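> return a 3D structure for these sequence lines:
(one chain, ligands or ions: 7)
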Amino acid sequence: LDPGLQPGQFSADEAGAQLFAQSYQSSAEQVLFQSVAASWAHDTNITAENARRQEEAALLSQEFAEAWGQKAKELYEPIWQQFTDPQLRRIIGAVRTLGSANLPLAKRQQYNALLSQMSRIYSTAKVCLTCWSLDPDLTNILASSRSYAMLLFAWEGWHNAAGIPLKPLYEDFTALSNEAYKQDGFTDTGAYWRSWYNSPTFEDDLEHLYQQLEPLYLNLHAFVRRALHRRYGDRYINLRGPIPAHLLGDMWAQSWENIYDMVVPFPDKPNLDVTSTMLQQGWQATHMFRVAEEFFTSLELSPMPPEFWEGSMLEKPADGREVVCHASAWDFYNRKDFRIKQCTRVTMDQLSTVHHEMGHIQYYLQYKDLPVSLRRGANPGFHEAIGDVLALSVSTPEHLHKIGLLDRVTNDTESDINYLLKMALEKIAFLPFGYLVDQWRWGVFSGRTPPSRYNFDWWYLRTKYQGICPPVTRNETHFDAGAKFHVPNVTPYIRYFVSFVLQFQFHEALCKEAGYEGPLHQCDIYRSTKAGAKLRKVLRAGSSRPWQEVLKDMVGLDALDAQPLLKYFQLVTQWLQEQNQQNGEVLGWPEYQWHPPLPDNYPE
Ligand SMILES: *[C@@H]1O[C@H](CO[C@@H]2O[C@@H](C)[C@@H](O)[C@@H](O)[C@@H]2O)[C@@H](O[C@@H]2O[C@H](CO)[C@@H](O[C@@H]3O[C@H](CO)[C@@H](O)[C@H](O)[C@@H]3O)[C@H](O)[C@H]2NC(C)=O)[C@H](O)[C@H]1NC(C)=O
Ligand SMILES: C[C@H](N[C@@H](CCc1ccccc1)C(=O)O)C(=O)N1Cc2ccccc2C[C@H]1C(=O)O
Ligand SMILES: *[C@@H]1O[C@H](CO)[C@@H](O[C@@H]2O[C@H](CO)[C@@H](O)[C@H](O)[C@H]2NC(C)=O)[C@H](O)[C@H]1NC(C)=O
Ligand SMILES: *[C@@H]1O[C@H](CO[C@@H]2O[C@@H](C)[C@@H](O)[C@@H](O)[C@@H]2O)[C@@H](O)[C@H](O)[C@H]1NC(C)=O
Ligand SMILES: [Cl-]
Ligand code: NA
Ligand SMILES: [Zn+2]
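Numbers count the residues shown, from 1 in each chain. Ligands and ions are numbered 1, 2, ... in the order given. Sure, the structure comes next:
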């Protein structure tokens, strides 16, 4: 560790702790910068040499964390929790958590190499028949093919290609992860991840929210399944069974907006999927980012800096390069560089993704002057919800009209149902998946799910929550969890479930603040500078204050609450119920064992 990056001496008291944190800050920014830069060089240009550089950057970060972590303990262990400066308690709190820096060097190198290889396997996997990548090829097939066999080929090929090779590495990762966080005093890595919400009743709180949301999901499910039956027939759709996992428009069945064309109740109202118009009008990636930016400046939030437009990767490279395509927003921790890396396609759902990612950037811009340790969301759910909140306004027919993507506007009950259904396919359908992923991982971390039940426990949860089944037989050679990015990339998931609740709480608060008086799902906060100021206050706080308090100041409540989401969707909730009753549907999938047959001519 460079002389310049090592900790010196400070008095063992609060005034010295302030001096400590300031000195940490100065060297931390240099260490984070080099680490994020090496990650960037790799992820926008995957090569062995880039990987080796990234691995060395990670080791350097571990060394830093160890020196400053050990020093924070040495000087402040008896007294940090009693400090008068609450920001300073949070900073010391973060600095003394060593994580992977608790590993001896040899396990460090093994841990870093495992992360690097899991990521390289996920992002370079291909399905060959001439090889299809996940982005754009397999995404497009899953989104717009309607051929059972083609969808099955893409689904099965992806799951096999990414998942199977990941399993030995993921087992070794899990062991070392646990070994690391056990030395910081947690039972397993999952306990550590859960501690970020600082809520003794976290798991119970989540389960109480899910119980209120599940009826909506059950009703959406029944309706969609019925629509699928009418297209695919009773051989491949069981009206009392789970839905085959390849038919819902997405590789993970995680959101269903791409099958909107199959379920839309009133098809001679305005077409609410504007992808065509976007293509017809010749939208490019850059237009999508500029349109998102302009929403943000309409609120008197910050524009993207020059360094964002010069630095970002906003399209998949056409040169020789292999890249990580999964969309991400990057803070280089130097108060100056911020970038998005996305293999942007010209679709409506990607317009939302652009907003999601710009939400991350906007947070980075607003809190960049805080101490590095506080440069994060009030909780991880907050960071994931910013961009989605704006995208709720953008997707309203009224707003789409204003930006030239919808000629006709209508304000009638049929158009509303169409709109709310489209939104339920995006939002309601995700809830079970958003909940289940970390249940899987918590079980793996705690040892409840050993390697010998990875796929068994995955599909138990996928069926339990989502009501889907694999369209071909799976066994424990398969590692279907590892065919989802966040798993080999070691990115927590529960944040997305929290996000999907939070974003409706935020939407209701910002619509109220903007003076809007109509139904929640028709609110557009565009150009509301009052809404901007309320949102800006959250962003600027970073993690400096308890998330419960930040939320209370924003929405008038100190807890996650499903009531705003329920109110948003009220009309379609009522309507789907009535439709399912009228059609004689069974809610749920009591034939839980059912799986579809293979096609006759398959794979050939
Ligand atoms: C789409 O249409 C709805 C419904 O509009 C109502 O019924 C229609 C058939 C017409 O007769 C309309 O004239 C009628 O308002 C619109 O929602 C309605 O918005 C208004 C305000 O924009 C709401 O009124 C407010 O009520 C509060 C008290 O509760 C007062 O303090 C305010 O001064 C204001 O009068 C009204 O509650 C609301 N009604 C419903 C059904 O919720 C909706 O705004 C419109 N959509 C768009 C995007 O224009
Ligand atoms: C596109 C996005 N990408 C992550 C990237 C997270 C990441 C963290 C650390 C290193 C690399 C990447 C994000 O920015 O958070 C995403 O992964 N989802 C958002 C999203 C948006 C709408 C609906 C659901 C979700 C969940 C999630 C997903 O698509 O699975
Ligand atoms: C992708 O990364 C490689 C390194 O892994 C880059 O190649 C280096 O480029 C510099 C400047 O042209 C050369 O001096 C080095 O000798 C190259 N190293 C190797 C081992 O090839 C490459 O330029 C990167 N590609 C892009 C488009 O950024
Ligand atoms: C796991 O499965 C592999 C591939 O085939 C799968 O199982 C057979 C029986 C078919 O039903 C097929 O549709 C499935 O996808 C096998 O090659 C493998 O040996 C199986 N068992 C083990 C222990 O890996
Ligand atoms: Cl999280
Ligand atoms: Na999609
Ligand atoms: Zn995100």
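
> ok, residue 44 touching residue 321?
Yes - Residue 44 is within contact range of residue 321, at 7.3 Å (criterion: C-beta atoms under 8 Å). The C-beta positions use only the backbone N, C-alpha and C, and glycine is treated the same way.

> more neighbours, these two?
Shown here are residue 44 and residue 321; by other C-beta atoms under 10 Å, residue 44 has more neighbours (18 against 12).

> check contacts around that one.
By C-beta atoms under 8 Å, 6 or more residues apart in numbering, the contact list for residue 44 reads 313, 317, 321, 323-324, 341.

> residues in contact with residue 536?
Counted by C-beta under 8 Å, 6+ apart, residue 536 has contacts 299-301, 366.

> just the element for the closest residue to residue 1 other than its chain neighbours, please.
Spatial nearest neighbour of residue 1, chain neighbours left out: residue 63 (4.8 Å); criterion: C-beta to C-beta, 6 or more residues apart in numbering. Here residue 63, judged by DSSP states H and E, is contained in helix 48-76.

> does ligand 3 have contacts with that helix?
Yes - using C-beta under 6 Å from any ligand atom, helix 48-76 reaches ligand 3 at 49-50.

> that helix - contacts with which helices or strands?
Secondary-structure packing of helix 48-76 (3 or more C-beta pairs under 8 Å, 6 or more residues apart in numbering; DSSP states H and E): helix 14-43, helix 86-95, helix 105-124.

> other SSEs contacting the next helix or strand after the last one?
Same thing as helix 105-124. Moving toward the C-terminus from helix 105-124, the next helix or strand (DSSP H and E) is strand 127-128. When contacts are defined as 3+ C-beta pairs under 8 Å, 6+ apart, strand 127-128 packs onto helix 148-158.

> contacts for the helix it packs on?
125, 127, 132, 134, 138, 141-142, 145, 232, 236, 245-247, 251, 471-472, 483, 599, 601-603.

> give the buried residues for stretch 175-184.
Neighbour counts over stretch 175-184 (16 or more other C-beta atoms under 10 Å) mark 176-181 as buried.

> now it - C-alpha only, PDB.
Only the C-alpha atoms of stretch 175-184 are listed here, as PDB (Å, rounded to 0.1, in the frame of the first residue of the first chain):
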ATOM      1  CA  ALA A 175     -17.800 -20.200   1.100                       C
ATOM      2  CA  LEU A 176     -15.300 -17.400   0.900                       C
ATOM      3  CA  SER A 177     -18.000 -14.700   1.100                       C
ATOM      4  CA  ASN A 178     -19.300 -16.200   4.300                       C
ATOM      5  CA  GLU A 179     -15.800 -16.600   5.700                       C
ATOM      6  CA  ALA A 180     -15.100 -12.900   5.100                       C
ATOM      7  CA  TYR A 181     -18.300 -11.500   6.700                       C
ATOM      8  CA  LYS A 182     -18.200 -13.900   9.600                       C
ATOM      9  CA  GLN A 183     -15.100 -12.100  10.800                       C
ATOM     10  CA  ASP A 184     -17.100  -8.800  10.800                       C
END
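
> and that stretch, how far from the chain's centre?
Stretch 175-184 sits 24 Å away from the centroid of its parent chain (C-alpha atoms, centre = their mean, to the nearest Å).

> right, is whichever strand or helix holds residue 499 up against ligand 1?
In the assignment (DSSP H and E), residue 499 maps to helix 494-513. No - Helix 494-513 stays clear of ligand 1 (C-beta under 6 Å from any ligand atom), getting no nearer than 11.2 Å.

> and after that helix, which helix or strand comes next?
Counting by DSSP H and E, the next helix or strand C-terminal to helix 494-513 is helix 529-541.

> what angle sits between the helix or strand following that following helix and helix 494-513?
For helix 529-541, the following helix or strand on the C-terminal side (DSSP H and E) is helix 547-555. For helix 547-555 against helix 494-513, the angle by axes from the mean of the first three to the mean of the last three C-alpha atoms, to 10 degrees is 30 degrees.

> can you list contacts of helix 547-555?
Contacts of helix 547-555 (C-beta under 8 Å, 6+ apart): 197-199, 377-379, 381-382, 502, 505-506, 508-509, 534, 537-538, 541, 557-559.

> could you check how far the spatially most central residue of the chain is from residue 191?
Closest to where the C-alpha atoms of the chain average out (C-alpha atoms, centre = their mean) is residue 496, at 5.1 Å. In this view, residue 496 and residue 191 are 20 Å apart by C-beta to C-beta, to the nearest Å.

> in stretch 80-97, what counts as buried?
Residues of stretch 80-97 classed as buried: 80, 83, 87-92, 94-97 (neighbour count, 16+ other C-beta under 10 Å).

> JSON lines please, covering those residues and showing distance to ligand 3.
Formatted as JSON lines, the buried residues of stretch 80-97 follow (distance: C-beta to the nearest ligand atom, whole Å):
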{"residue": "80", "distance to ligand 3": "42"}
{"residue": "83", "distance to ligand 3": "45"}
{"residue": "87", "distance to ligand 3": "39"}
{"residue": "88", "distance to ligand 3": "41"}
{"residue": "89", "distance to ligand 3": "42"}
{"residue": "90", "distance to ligand 3": "38"}
{"residue": "91", "distance to ligand 3": "36"}
{"residue": "92", "distance to ligand 3": "39"}
{"residue": "94", "distance to ligand 3": "33"}
{"residue": "95", "distance to ligand 3": "33"}
{"residue": "96", "distance to ligand 3": "36"}
{"residue": "97", "distance to ligand 3": "33"}
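
> nearest to ligand 4 among those?
residue 97 (39.3 Å; C-beta to the nearest ligand atom).

> contacting residues for the closest one?
Residue 97 touches 69, 184, counting by C-beta under 8 Å, 6+ apart.

> so how do I select the buried members of the contacts of helix 547-555 in PyMOL?
Selection of the buried residues among these in PyMOL, burial being defined by 16+ other C-beta under 10 Å:
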select buried, resi 197+199+377+378+379+381+382+502+505+506+508+509+534+538+541
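
> next one: phi and psi at the residue in the stretch 151-300 of the chain that ligand 3 sits nearest to?
Closest to ligand 3 within the stretch 151-300 of the chain is residue 285: 18.1 Å, counting by C-beta to the nearest ligand atom. With angles defined as degrees, to the nearest 10, residue 285 sits at phi -50, psi -50.

> repeat that for residue 338.
For residue 338, the backbone dihedrals (degrees, to the nearest 10) come out as phi -140, psi 140.

> just confirm it contacts residue 332, I think it does.
Yes - shown here, residue 338 and residue 332 form a contact pair, counting by C-beta under 8 Å, at 7.0 Å.

> measure the residue nearest to the centre of the chain to residue 231 for me?
For residue 496 relative to residue 231 (C-beta to C-beta), the value is 29 Å.

> tell me how far whichever residue of the stretch 501-604 of the chain sits closest to ligand 1 lies from residue 407.
Here the stretch 501-604 of the chain gets closest to ligand 1 at one residue, residue 518, 2.9 Å apart by C-beta to the nearest ligand atom. In this view, residue 518 and residue 407 are 22 Å apart by C-beta to C-beta.
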